[PDB]
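Before any comments, here is the structure.
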Amino acid sequence: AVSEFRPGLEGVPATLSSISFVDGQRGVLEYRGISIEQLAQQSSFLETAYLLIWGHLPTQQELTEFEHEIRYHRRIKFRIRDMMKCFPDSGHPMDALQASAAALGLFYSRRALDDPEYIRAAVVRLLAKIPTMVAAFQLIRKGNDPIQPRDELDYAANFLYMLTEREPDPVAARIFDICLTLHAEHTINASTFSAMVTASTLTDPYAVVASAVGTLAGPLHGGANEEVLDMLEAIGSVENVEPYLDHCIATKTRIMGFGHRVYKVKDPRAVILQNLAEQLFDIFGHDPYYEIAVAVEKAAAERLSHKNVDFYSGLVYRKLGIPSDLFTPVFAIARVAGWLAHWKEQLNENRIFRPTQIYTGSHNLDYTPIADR
Amino acid sequence: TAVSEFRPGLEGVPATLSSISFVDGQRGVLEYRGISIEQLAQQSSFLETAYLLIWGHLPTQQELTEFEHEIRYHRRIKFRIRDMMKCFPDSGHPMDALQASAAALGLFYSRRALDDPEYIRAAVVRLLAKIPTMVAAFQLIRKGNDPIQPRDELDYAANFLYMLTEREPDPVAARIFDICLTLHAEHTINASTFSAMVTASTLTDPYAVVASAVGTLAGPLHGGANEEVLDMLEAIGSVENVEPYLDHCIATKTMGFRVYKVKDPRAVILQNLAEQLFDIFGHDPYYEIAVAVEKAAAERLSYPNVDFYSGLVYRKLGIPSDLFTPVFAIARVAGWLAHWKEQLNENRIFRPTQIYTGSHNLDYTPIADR
Amino acid sequence: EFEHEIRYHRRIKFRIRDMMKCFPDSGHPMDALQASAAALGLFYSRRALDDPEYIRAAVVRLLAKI
Amino acid sequence: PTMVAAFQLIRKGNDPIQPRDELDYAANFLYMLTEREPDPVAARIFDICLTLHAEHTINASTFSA
Ligand SMILES: [Mg+2]
Ligand SMILES: [Mg+2]
Ligand SMILES: [Mg+2]
Ligand SMILES: [Mg+2]
């Protein structure tokens with residue numbers, strides 16, 4: 001119970017960082033000092049990733065070259081596909097991603113360290129291939145051949161095309177990218193911290209993404225996006241939205257929907273997502289569940305007056321046709337940009353992260369020959 | 001308000017309250033659940049030490065026998081896991097392969113999401129039993145050789161050596177390997193253990209936690225050791241060159257691989273183990289070179305003498321240099337599994353804060369402007 | 001003689017097992033048996049009832065391998 | 001020629017590059033190794049190089065054949 005000890009390293013700074021700023025008291029989230037809202041209105045995930053990773057907005061020549069490098073590296077090796085084919089059909093998709101990222105290491109890990117070329121090659125490879133790999137498990141698990149990357153399509157569209165084999169409406173592709181930019185970086189989140197610890201050892205970059213995938217996968221930091229859709233299924237009609245919440249008002253000690261709420265209130269990402277969803281639904285029509293969600297928001301206002309961005313995200317994904325099991329994985333595709341950016345920073349000044357413990361245990365015990373205890 | 005303090009690397013910063021391990025340093029003391037490493041090494045199996053760390057009580061015979069039986073049944077690995085390893089590149093780094101293999105193990109298992117105590121025991125048995133088998137498989141598969149099947153008669157250390165070399169180990173060597181495995185099992189909040197704690201705090205599958213930890217141990221700064229030590233011994237090339245070689249390094253260009261200002265208790269046990277193995281199974285030119293380096297080093301050092309020996313013992317046992325970090329993983333899985341259970345009881349998520357050196361309130365700049 | 005013949009033919013060829021490995025994990029077992037039985041035909045389909053032996057061989061192989 | 005290029009891709013884990021009908025013999029081989037169509041003058045130089053090594057009278061390799 002020492003004052004020095006804080007459970008969960010809460011309020012304890014782990015690094016000095018310039019990549020992102022979040023205030024709980026006030027809505028603001030900034031990437032390299034730029035408001036998320038401005039970037040969302042006028043940015044690409046790839047441009048935002050460059051800003052986060054290299055700290056400067058890209059020149060047109062720089063951006064176009066960066067996109068070209070990703071397009072050439074989008075495809076994945078046959079050996080990687082065969083391994084996924086070896087994967088269990090009912091295997092969890094996030095566990096599959098961790099294995100897939102590590103495997104990429106067996107090939108591209110041979111590395112030049114202290115070489116600037118190395119940081120960019122890994123960033124281009126990881127950003128380009130993690131989306132291709134996620135789509136391939138979805139197709140392979142069903143016995144379906146993986147849909148190859150199409151050079152003509154942009155990063156957001158290719159991911160959607162690889163999952164469905166149907167080119168996305170251009171407007172739909174834009175919303176997905178904005179969603180990707182929204183989930184790219186959120187300060188010292190648990191997934192980023194794991195990546196930073198893996199990085200501290202000076203391990204290869206592909207391993208750091210793999211360690212982060214494992215942490216994102218777990219439910220508390222893990223996407224809880226799937227839960228919102230299931231509850232929405234639980235209320236069959238817009239009618240009964242009011243009844244369902246009240247029975248839930250008695251509750252079994254549970255928090256979801258960004259319940260951890262490191263921001264105390266109003267994550268701004270959520271506000272942008274809700275607008276994005278409404279625009280998408282109006283163009284592409286309104287699903288019955290979506291109306292149920294809108295109703296849930298109206299009930300929330302009585303809850304809102306005193307004191308679910310993930311909840312908004314899942315709905316958007318479904319309209320775009322993303323499978324729910326792939327939702328935590330889509331977050332991984334965006335967070336790779338944040339993860340890579342933290343990796344470069346840890347490298348510039350690196351001390352291995354070795355913490356200390358408070359011992360609550362015994363001392364000076366003597367070994368006992370087995371005797372019944 | 002008040003001065004704000006930042007320790008780089010969370011150094012000296014407590015992250016958890018644990019009964020699993022104590023290292024004094026200075027006094028040179030390592031204790032697992034209150035028992036000296038020296039006593040455990042002399043009188044305990046890696047598996048017995050593993051029960052003590054994971055469950056916190058030294059086990060009873062009916063418990064040790066059951067635990068050993070459960071490990072033997074789960075020692076074998078699925079064809080799908082072996083086929084996936086065949087897909088792996090031959091030249092691929094062995095530690096990256098361990099990370100992928102453990103993560104894959106989750107796909108078959110992990111269909112529990114269970115608060116059942118059975119779920120924790122099930123993972124402990126599978127992870128401890130399978131990780132040694134998988135490491136052996138990559139070494140054989142990389143050379144195009146079929147993986148050697150586990151032998152029920154053989155114990156855990158012997159089975160690993162048999163799978164790696166295809167030849168039954170001498171009993172004395174197997175005991176030395178088990179003691180080495182017991183020695184590297186737990187060392188408080190290592191970077192690898194901390195990664196396991198942070199992965200486990202999210203409530204992710206245990207197999208994933210091991211995978212994230214294996215990536216952390218893989219890095220050269222922590223858990224990457226050896227190979228370089230032998231690398232140097234091959235380089236000196238003679239007892240005669242040792243006095244000159246050490247001086248050249250001391251004079252300029254720095255030695256490879258300190259946790260504490262006192263000698264690691266583990267190095268003390270390892271050197272005696274090394275001496276016994278070399279005398280019993282034959283000294284090698286490399287061993288003699290090592291002996292010379294240590295005597296020479298002590299007069300200049302009087303020393304990073306810690307855990308260099310492990311490579312020497314492993315080489316004598318015939319473990320390849322590439323697999324040395326992986327051998328450590330087999331032993332430290334027990335500590336990682338133990339921490340996973342302890343983290344689970346309170347399970348606060350790890351969300352540390354940051355100090356912002358960055359700009360604020362900037363505005364997007366159009367690309368055409370540049 | 002019958003029991004011994006059944007014991008000898010109990011083992012199944014690697015190519016069929018590889019075929020089962022190609023089969024979906026969630027696939028229904030009875031549908032899987034139908035594919036497996038039909039496959040045994042590709043390896044073993046030869047001869048005529050005129051051979052009394054052919055009837056005996058099928059009886060032993062099918063009883064042993066199914 | 002297709003086989004030699006195919007090993008080069010397989011060894012590095014890359015899928016083999018299939019022959020393109022439009023390309024001539026020298027160009028397909030270069031395309032198969034690189035995946036980029038060769039400049040024509042270079043394709044001509046490679047074709048001449050192949051002609052130079054095609055026959056050298058009775059030599060260990062021909063004698064074995
Ligand atoms: Mg973009
Ligand atoms: Mg923060
Ligand atoms: Mg700009
Ligand atoms: Mg000739």
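Letters for chains follow the order of the structure tokens (A, B, ...), residue numbers begin at 1 for each chain, and ligand numbers begin at 1 in the order shown.
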
Determine which residues of chain A sit within 12 Å of chain D, taking into account only C-alpha atoms, and present them as a VMD selection string. chain A and resid 72 to 73 75 to 82 104 106 to 108

Within 10 Å of ligand 4, counting only C-alpha atoms and all ligand atoms, residues as an MDAnalysis selection string: chainID D and resid 53:63 65

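Proximity to chain C at a cut-off of 8 Å picks out residues 88, 89 and 143 of chain A on chain A, counting only C-alpha atoms.
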
Any idea what's packed within 12 Å of residue 15 of chain C, counting only C-alpha atoms, ignoring anything in its chain fewer than 2 positions away? Could you give it as a PyMOL selection string? chain C and resi 12-13+17-22+36+39-40+42-43

Give the residue list for ligand 2 at 6 Å, counting only C-alpha atoms and all ligand atoms, as a VMD selection string, sorted by chain and then by residue number. (chain A and resid 187 to 188) or (chain B and resid 353 to 354)

Could you take the residues named above and write them with C-alpha atoms, as an mmCIF file, in the first residue's frame?
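Full text of result-v8.cif as output:
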data_model
loop_
_atom_site.group_PDB
_atom_site.id
_atom_site.type_symbol
_atom_site.label_atom_id
_atom_site.label_comp_id
_atom_site.auth_asym_id
_atom_site.auth_seq_id
_atom_site.Cartn_x
_atom_site.Cartn_y
_atom_site.Cartn_z
ATOM 1 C CA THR A 187 -0.822 8.084 -26.086
ATOM 2 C CA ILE A 188 0.518 5.368 -23.741
ATOM 3 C CA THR B 353 0.921 8.434 -18.484
ATOM 4 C CA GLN B 354 3.431 10.342 -20.670
#

Considering only C-alpha atoms, extract the chain B residues located within 6 Å of chain A and return them as a PDB file with N, CA and C atoms, in the first residue's frame.
ATOM      1  N   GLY B   9      12.892   4.333 -18.022  1.00  0.00           N
ATOM      2  CA  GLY B   9      12.856   2.863 -17.969  1.00  0.00           C
ATOM      3  C   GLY B   9      12.126   2.343 -16.756  1.00  0.00           C
ATOM      4  N   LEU B  10      11.306   3.183 -16.147  1.00  0.00           N
ATOM      5  CA  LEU B  10      10.547   2.797 -14.943  1.00  0.00           C
ATOM      6  C   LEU B  10      11.521   2.135 -13.982  1.00  0.00           C
ATOM      7  N   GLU B  11      12.721   2.686 -13.887  1.00  0.00           N
ATOM      8  CA  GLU B  11      13.762   2.101 -13.015  1.00  0.00           C
ATOM      9  C   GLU B  11      13.497   2.470 -11.564  1.00  0.00           C
ATOM     10  N   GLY B  12      13.460   1.469 -10.691  1.00  0.00           N
ATOM     11  CA  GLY B  12      13.213   1.701  -9.262  1.00  0.00           C
ATOM     12  C   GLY B  12      11.745   1.916  -9.034  1.00  0.00           C
ATOM     13  N   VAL B  13      10.957   1.786 -10.093  1.00  0.00           N
ATOM     14  CA  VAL B  13       9.509   2.085  -9.972  1.00  0.00           C
ATOM     15  C   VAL B  13       8.786   0.761  -9.763  1.00  0.00           C
ATOM     16  N   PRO B  14       8.043   0.620  -8.656  1.00  0.00           N
ATOM     17  CA  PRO B  14       7.316  -0.596  -8.413  1.00  0.00           C
ATOM     18  C   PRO B  14       6.126  -0.699  -9.368  1.00  0.00           C
ATOM     19  N   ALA B  15       5.958  -1.857  -9.998  1.00  0.00           N
ATOM     20  CA  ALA B  15       4.810  -2.072 -10.897  1.00  0.00           C
ATOM     21  C   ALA B  15       3.833  -3.072 -10.298  1.00  0.00           C
ATOM     22  N   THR B  16       4.276  -3.845  -9.318  1.00  0.00           N
ATOM     23  CA  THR B  16       3.399  -4.908  -8.792  1.00  0.00           C
ATOM     24  C   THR B  16       3.788  -5.325  -7.388  1.00  0.00           C
ATOM     25  N   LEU B  17       2.884  -6.020  -6.711  1.00  0.00           N
ATOM     26  CA  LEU B  17       3.222  -6.617  -5.408  1.00  0.00           C
ATOM     27  C   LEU B  17       3.269  -8.124  -5.667  1.00  0.00           C
ATOM     28  N   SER B  18       4.393  -8.786  -5.381  1.00  0.00           N
ATOM     29  CA  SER B  18       4.525 -10.227  -5.721  1.00  0.00           C
ATOM     30  C   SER B  18       5.219 -11.047  -4.634  1.00  0.00           C
ATOM     31  N   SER B  19       4.814 -12.308  -4.465  1.00  0.00           N
ATOM     32  CA  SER B  19       5.496 -13.244  -3.536  1.00  0.00           C
ATOM     33  C   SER B  19       6.354 -14.218  -4.337  1.00  0.00           C
ATOM     34  N   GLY B  34      10.676 -17.914  -1.148  1.00  0.00           N
ATOM     35  CA  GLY B  34      11.374 -17.988   0.148  1.00  0.00           C
ATOM     36  C   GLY B  34      12.474 -19.017   0.224  1.00  0.00           C
ATOM     37  N   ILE B  35      12.771 -19.684  -0.879  1.00  0.00           N
ATOM     38  CA  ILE B  35      13.784 -20.770  -0.834  1.00  0.00           C
ATOM     39  C   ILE B  35      14.978 -20.375  -1.698  1.00  0.00           C
ATOM     40  N   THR B  60       3.306 -31.873  -3.131  1.00  0.00           N
ATOM     41  CA  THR B  60       3.312 -33.203  -2.489  1.00  0.00           C
ATOM     42  C   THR B  60       3.542 -34.233  -3.574  1.00  0.00           C
ATOM     43  N   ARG B  80      -0.931 -29.717 -37.541  1.00  0.00           N
ATOM     44  CA  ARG B  80      -1.147 -28.378 -38.129  1.00  0.00           C
ATOM     45  C   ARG B  80      -0.049 -27.423 -37.645  1.00  0.00           C
ATOM     46  N   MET B  84       2.807 -25.859 -40.229  1.00  0.00           N
ATOM     47  CA  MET B  84       3.022 -24.397 -40.284  1.00  0.00           C
ATOM     48  C   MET B  84       4.510 -24.101 -40.170  1.00  0.00           C
ATOM     49  N   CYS B  87       6.267 -24.517 -43.318  1.00  0.00           N
ATOM     50  CA  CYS B  87       6.083 -23.315 -44.175  1.00  0.00           C
ATOM     51  C   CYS B  87       7.109 -22.232 -43.818  1.00  0.00           C
ATOM     52  N   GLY B  92      15.232 -18.503 -41.027  1.00  0.00           N
ATOM     53  CA  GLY B  92      14.536 -17.612 -40.089  1.00  0.00           C
ATOM     54  C   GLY B  92      15.058 -17.719 -38.674  1.00  0.00           C
ATOM     55  N   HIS B  93      15.104 -16.592 -37.969  1.00  0.00           N
ATOM     56  CA  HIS B  93      15.667 -16.589 -36.600  1.00  0.00           C
ATOM     57  C   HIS B  93      14.822 -17.486 -35.707  1.00  0.00           C
ATOM     58  N   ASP B  96      12.027 -15.760 -33.241  1.00  0.00           N
ATOM     59  CA  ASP B  96      10.835 -15.249 -33.957  1.00  0.00           C
ATOM     60  C   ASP B  96       9.897 -16.425 -34.212  1.00  0.00           C
ATOM     61  N   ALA B 100       5.853 -17.018 -33.065  1.00  0.00           N
ATOM     62  CA  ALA B 100       4.755 -17.374 -33.981  1.00  0.00           C
ATOM     63  C   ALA B 100       4.109 -18.673 -33.528  1.00  0.00           C
ATOM     64  N   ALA B 103       1.776 -18.235 -30.444  1.00  0.00           N
ATOM     65  CA  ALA B 103       0.575 -17.475 -30.819  1.00  0.00           C
ATOM     66  C   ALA B 103      -0.360 -18.416 -31.548  1.00  0.00           C
ATOM     67  N   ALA B 104       0.202 -19.274 -32.381  1.00  0.00           N
ATOM     68  CA  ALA B 104      -0.596 -20.265 -33.126  1.00  0.00           C
ATOM     69  C   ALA B 104      -1.268 -21.223 -32.152  1.00  0.00           C
ATOM     70  N   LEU B 107      -4.715 -20.515 -31.301  1.00  0.00           N
ATOM     71  CA  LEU B 107      -5.827 -20.719 -32.255  1.00  0.00           C
ATOM     72  C   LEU B 107      -6.536 -22.045 -31.981  1.00  0.00           C
ATOM     73  N   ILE B 189      10.918  -8.751 -11.827  1.00  0.00           N
ATOM     74  CA  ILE B 189      10.253  -8.014 -12.941  1.00  0.00           C
ATOM     75  C   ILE B 189      11.221  -7.746 -14.089  1.00  0.00           C
ATOM     76  N   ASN B 190      11.568  -8.785 -14.836  1.00  0.00           N
ATOM     77  CA  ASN B 190      12.408  -8.649 -16.044  1.00  0.00           C
ATOM     78  C   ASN B 190      11.550  -8.012 -17.123  1.00  0.00           C
ATOM     79  N   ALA B 191      12.183  -7.535 -18.179  1.00  0.00           N
ATOM     80  CA  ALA B 191      11.421  -6.904 -19.263  1.00  0.00           C
ATOM     81  C   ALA B 191      10.460  -7.930 -19.840  1.00  0.00           C
ATOM     82  N   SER B 195       6.447  -7.596 -19.781  1.00  0.00           N
ATOM     83  CA  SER B 195       5.648  -7.630 -21.027  1.00  0.00           C
ATOM     84  C   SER B 195       4.508  -8.617 -20.836  1.00  0.00           C
ATOM     85  N   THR B 199       0.647  -7.666 -21.118  1.00  0.00           N
ATOM     86  CA  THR B 199      -0.212  -8.417 -22.060  1.00  0.00           C
ATOM     87  C   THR B 199      -1.334  -9.075 -21.265  1.00  0.00           C
ATOM     88  N   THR B 202      -4.587  -6.956 -19.947  1.00  0.00           N
ATOM     89  CA  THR B 202      -5.699  -6.737 -20.902  1.00  0.00           C
ATOM     90  C   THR B 202      -6.653  -7.930 -20.833  1.00  0.00           C
ATOM     91  N   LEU B 203      -6.252  -8.995 -20.147  1.00  0.00           N
ATOM     92  CA  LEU B 203      -7.084 -10.225 -20.037  1.00  0.00           C
ATOM     93  C   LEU B 203      -7.035 -11.039 -21.333  1.00  0.00           C
ATOM     94  N   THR B 204      -5.925 -10.953 -22.057  1.00  0.00           N
ATOM     95  CA  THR B 204      -5.729 -11.733 -23.299  1.00  0.00           C
ATOM     96  C   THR B 204      -5.431 -13.191 -22.976  1.00  0.00           C
ATOM     97  N   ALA B 208      -0.969 -15.974 -25.877  1.00  0.00           N
ATOM     98  CA  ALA B 208      -0.558 -14.669 -26.427  1.00  0.00           C
ATOM     99  C   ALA B 208       0.446 -14.007 -25.495  1.00  0.00           C
ATOM    100  N   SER B 212       4.138 -12.575 -26.580  1.00  0.00           N
ATOM    101  CA  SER B 212       4.614 -11.184 -26.428  1.00  0.00           C
ATOM    102  C   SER B 212       5.899 -11.177 -25.610  1.00  0.00           C
ATOM    103  N   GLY B 215       9.027 -12.314 -27.654  1.00  0.00           N
ATOM    104  CA  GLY B 215       9.564 -11.211 -28.461  1.00  0.00           C
ATOM    105  C   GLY B 215      10.440 -10.299 -27.639  1.00  0.00           C
ATOM    106  N   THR B 216      10.039 -10.005 -26.407  1.00  0.00           N
ATOM    107  CA  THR B 216      10.861  -9.166 -25.506  1.00  0.00           C
ATOM    108  C   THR B 216      12.192  -9.854 -25.163  1.00  0.00           C
ATOM    109  N   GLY B 219      15.162  -9.779 -27.852  1.00  0.00           N
ATOM    110  CA  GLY B 219      16.027  -8.610 -28.063  1.00  0.00           C
ATOM    111  C   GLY B 219      17.376  -8.771 -27.403  1.00  0.00           C
ATOM    112  N   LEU B 221      19.434  -6.786 -25.761  1.00  0.00           N
ATOM    113  CA  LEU B 221      19.672  -6.133 -24.454  1.00  0.00           C
ATOM    114  C   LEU B 221      19.223  -7.043 -23.312  1.00  0.00           C
ATOM    115  N   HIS B 222      18.083  -7.707 -23.462  1.00  0.00           N
ATOM    116  CA  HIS B 222      17.576  -8.613 -22.404  1.00  0.00           C
ATOM    117  C   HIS B 222      17.297 -10.000 -22.946  1.00  0.00           C
ATOM    118  N   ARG B 348      -5.499  -5.005 -12.572  1.00  0.00           N
ATOM    119  CA  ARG B 348      -5.695  -3.610 -13.036  1.00  0.00           C
ATOM    120  C   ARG B 348      -5.002  -3.508 -14.401  1.00  0.00           C
ATOM    121  N   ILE B 349      -5.605  -2.848 -15.386  1.00  0.00           N
ATOM    122  CA  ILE B 349      -4.935  -2.638 -16.704  1.00  0.00           C
ATOM    123  C   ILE B 349      -3.774  -1.661 -16.557  1.00  0.00           C
ATOM    124  N   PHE B 350      -2.719  -1.868 -17.334  1.00  0.00           N
ATOM    125  CA  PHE B 350      -1.555  -0.961 -17.306  1.00  0.00           C
ATOM    126  C   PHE B 350      -1.773   0.133 -18.344  1.00  0.00           C
ATOM    127  N   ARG B 351      -1.972   1.373 -17.901  1.00  0.00           N
ATOM    128  CA  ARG B 351      -2.137   2.530 -18.813  1.00  0.00           C
ATOM    129  C   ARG B 351      -1.301   3.665 -18.247  1.00  0.00           C
ATOM    130  N   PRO B 352       0.021   3.621 -18.432  1.00  0.00           N
ATOM    131  CA  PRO B 352       0.884   4.627 -17.872  1.00  0.00           C
ATOM    132  C   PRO B 352       0.674   5.973 -18.566  1.00  0.00           C
ATOM    133  N   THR B 353       0.993   7.069 -17.888  1.00  0.00           N
ATOM    134  CA  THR B 353       0.921   8.434 -18.484  1.00  0.00           C
ATOM    135  C   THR B 353       2.211   8.763 -19.243  1.00  0.00           C
ATOM    136  N   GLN B 354       2.235   9.900 -19.926  1.00  0.00           N
ATOM    137  CA  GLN B 354       3.431  10.342 -20.670  1.00  0.00           C
ATOM    138  C   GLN B 354       3.765  11.779 -20.313  1.00  0.00           C
ATOM    139  N   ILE B 355       5.007  12.192 -20.545  1.00  0.00           N
ATOM    140  CA  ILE B 355       5.368  13.625 -20.384  1.00  0.00           C
ATOM    141  C   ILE B 355       5.421  14.158 -21.810  1.00  0.00           C
ATOM    142  N   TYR B 356       4.666  15.208 -22.121  1.00  0.00           N
ATOM    143  CA  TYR B 356       4.556  15.656 -23.533  1.00  0.00           C
ATOM    144  C   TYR B 356       5.601  16.712 -23.867  1.00  0.00           C
ATOM    145  N   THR B 357       6.517  16.365 -24.760  1.00  0.00           N
ATOM    146  CA  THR B 357       7.583  17.280 -25.205  1.00  0.00           C
ATOM    147  C   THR B 357       7.103  17.950 -26.479  1.00  0.00           C
ATOM    148  N   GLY B 358       5.908  17.594 -26.921  1.00  0.00           N
ATOM    149  CA  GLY B 358       5.362  18.062 -28.205  1.00  0.00           C
ATOM    150  C   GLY B 358       4.653  19.396 -28.271  1.00  0.00           C
ATOM    151  N   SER B 359       4.404  19.862 -29.491  1.00  0.00           N
ATOM    152  CA  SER B 359       3.664  21.120 -29.739  1.00  0.00           C
ATOM    153  C   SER B 359       2.163  20.958 -29.510  1.00  0.00           C
ATOM    154  N   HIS B 360       1.451  22.075 -29.369  1.00  0.00           N
ATOM    155  CA  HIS B 360      -0.015  22.062 -29.158  1.00  0.00           C
ATOM    156  C   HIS B 360      -0.700  23.063 -30.083  1.00  0.00           C
ATOM    157  N   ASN B 361      -1.961  22.833 -30.420  1.00  0.00           N
ATOM    158  CA  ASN B 361      -2.779  23.822 -31.170  1.00  0.00           C
ATOM    159  C   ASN B 361      -2.148  24.202 -32.505  1.00  0.00           C
ATOM    160  N   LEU B 362      -1.533  23.257 -33.194  1.00  0.00           N
ATOM    161  CA  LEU B 362      -1.027  23.570 -34.549  1.00  0.00           C
ATOM    162  C   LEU B 362      -2.183  23.377 -35.522  1.00  0.00           C
ATOM    163  N   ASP B 363      -1.991  23.741 -36.783  1.00  0.00           N
ATOM    164  CA  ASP B 363      -3.083  23.674 -37.782  1.00  0.00           C
ATOM    165  C   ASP B 363      -2.592  22.897 -38.997  1.00  0.00           C
TER     166      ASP B 363
END

Residues within 6 Å of ligand 1, counting only C-alpha atoms and all ligand atoms, as a ChimeraX atom specification: /A:44-46,177

Dump N, CA and C atoms for the selected residues as a PDB file, in the first residue's frame?
ATOM      1  N   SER A  44      -5.237  11.644 -45.056  1.00  0.00           N
ATOM      2  CA  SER A  44      -5.281  10.215 -45.416  1.00  0.00           C
ATOM      3  C   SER A  44      -4.672   9.476 -44.231  1.00  0.00           C
ATOM      4  N   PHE A  45      -5.004   8.206 -44.035  1.00  0.00           N
ATOM      5  CA  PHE A  45      -4.366   7.450 -42.936  1.00  0.00           C
ATOM      6  C   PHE A  45      -2.870   7.411 -43.204  1.00  0.00           C
ATOM      7  N   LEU A  46      -2.505   7.214 -44.457  1.00  0.00           N
ATOM      8  CA  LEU A  46      -1.074   7.105 -44.799  1.00  0.00           C
ATOM      9  C   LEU A  46      -0.372   8.426 -44.492  1.00  0.00           C
ATOM     10  N   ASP A 177     -11.133   5.074 -44.110  1.00  0.00           N
ATOM     11  CA  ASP A 177      -9.797   5.672 -43.901  1.00  0.00           C
ATOM     12  C   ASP A 177      -9.866   6.601 -42.699  1.00  0.00           C
TER      13      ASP A 177
END

With 10 Å as the cut-off and only C-alpha atoms counted, what is the closest atom pair between each nearby residue of chain B and chain D? Distances in Å to one decimal, ordered by chain and number, as CSV.
residue,atom,partner,partner_atom,distance
B:87,CA,D:13,CA,9.4
B:88,CA,D:13,CA,9.4
B:89,CA,D:13,CA,7.7
B:90,CA,D:11,CA,9.9

Report, in Å with one decimal, the straight-line distance from atom CA of residue 49 of chain A to atom CA of residue 161 of chain A.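 Atom CA of residue 49 of chain A sits 21.8 Å away from atom CA of residue 161 of chain A.
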
Give me, as a PyMOL selection string, the residues of chain B touching chain C, with the criterion being at most 12 Å (counting only C-alpha atoms). chain B and resi 79-80+83+108

Could those selected residues go to a file with N, CA and C atoms, as a CSV table (one decimal), in the first residue's frame?
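File out-v9.csv, as written:
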chain,number,residue,atom,x,y,z
B,79,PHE,N,-0.3,-31.7,-35.8
B,79,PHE,CA,0.3,-31.8,-37.2
B,79,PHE,C,0.2,-30.4,-37.8
B,80,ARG,N,-0.9,-29.7,-37.5
B,80,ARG,CA,-1.1,-28.4,-38.1
B,80,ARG,C,0.0,-27.4,-37.6
B,83,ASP,N,3.1,-28.5,-39.6
B,83,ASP,CA,3.0,-28.2,-41.0
B,83,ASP,C,3.3,-26.7,-41.2
B,108,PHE,N,-5.8,-23.1,-31.7
B,108,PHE,CA,-6.4,-24.4,-31.3
B,108,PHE,C,-7.1,-24.3,-30.0

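Here atom CA of residue 26 of chain B is placed at a distance of 13.6 Å from atom CA of residue 303 of chain B.
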
Write out as a list in words the residues lying within 12 Å of residue 58 of chain C, counting only C-alpha atoms and excluding same-chain residues fewer than 3 positions away. residues 5, 6, 9, 37, 40, 41, 43, 44, 45, 46, 47, 48, 49, 51, 52, 53, 54, 55, 61, 62, 63, 64, 65 and 66 of chain C

Only C-alpha atoms, please: the residues just picked out, written as a tab-separated table (two decimals), in the first residue's frame.
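That gives us result-v9.tsv:
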chain	number	residue	atom	x	y	z
C	5	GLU	CA	-7.34	-60.10	-43.92
C	6	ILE	CA	-9.38	-57.35	-42.19
C	9	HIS	CA	-6.05	-53.89	-44.75
C	37	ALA	CA	-15.64	-44.22	-49.36
C	40	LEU	CA	-11.26	-45.67	-51.85
C	41	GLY	CA	-12.74	-46.52	-55.24
C	43	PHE	CA	-7.30	-46.61	-55.65
C	44	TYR	CA	-9.19	-49.96	-55.67
C	45	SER	CA	-11.62	-49.96	-58.64
C	46	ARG	CA	-10.74	-52.91	-60.94
C	47	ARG	CA	-11.94	-56.44	-61.99
C	48	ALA	CA	-15.30	-58.24	-62.38
C	49	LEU	CA	-17.74	-60.33	-60.25
C	51	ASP	CA	-13.51	-63.06	-59.94
C	52	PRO	CA	-14.98	-64.49	-56.70
C	53	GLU	CA	-11.92	-62.84	-55.13
C	54	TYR	CA	-13.00	-59.33	-56.13
C	55	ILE	CA	-16.14	-59.60	-53.97
C	61	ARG	CA	-11.11	-53.52	-47.52
C	62	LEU	CA	-14.39	-51.72	-46.84
C	63	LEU	CA	-14.90	-53.43	-43.46
C	64	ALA	CA	-11.29	-52.75	-42.47
C	65	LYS	CA	-10.94	-49.13	-43.67
C	66	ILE	CA	-14.36	-47.48	-43.04

Which chain B residues have any atom within 12 Å of an atom of ligand 3, and for each, what is the nearest pair of atoms with distance in Å to one decimal, counting only C-alpha atoms and all ligand atoms, rows sorted by chain and number, as a Markdown table?
| residue | atom | partner | partner_atom_place_in_ligand_line | distance |
| --- | --- | --- | --- | --- |
| B:363 | CA | ligand 3 | 1 (Mg) | 9.8 |
| B:364 | CA | ligand 3 | 1 (Mg) | 6.4 |
| B:365 | CA | ligand 3 | 1 (Mg) | 4.4 |
| B:366 | CA | ligand 3 | 1 (Mg) | 4.4 |
| B:367 | CA | ligand 3 | 1 (Mg) | 3.9 |
| B:368 | CA | ligand 3 | 1 (Mg) | 7.4 |
| B:369 | CA | ligand 3 | 1 (Mg) | 7.2 |
| B:370 | CA | ligand 3 | 1 (Mg) | 7.0 |

Could you tell me how far atom CA of residue 165 of chain A sits from atom CA of residue 139 of chain A, in Å to one decimal place?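 A separation of 10.2 Å between them.
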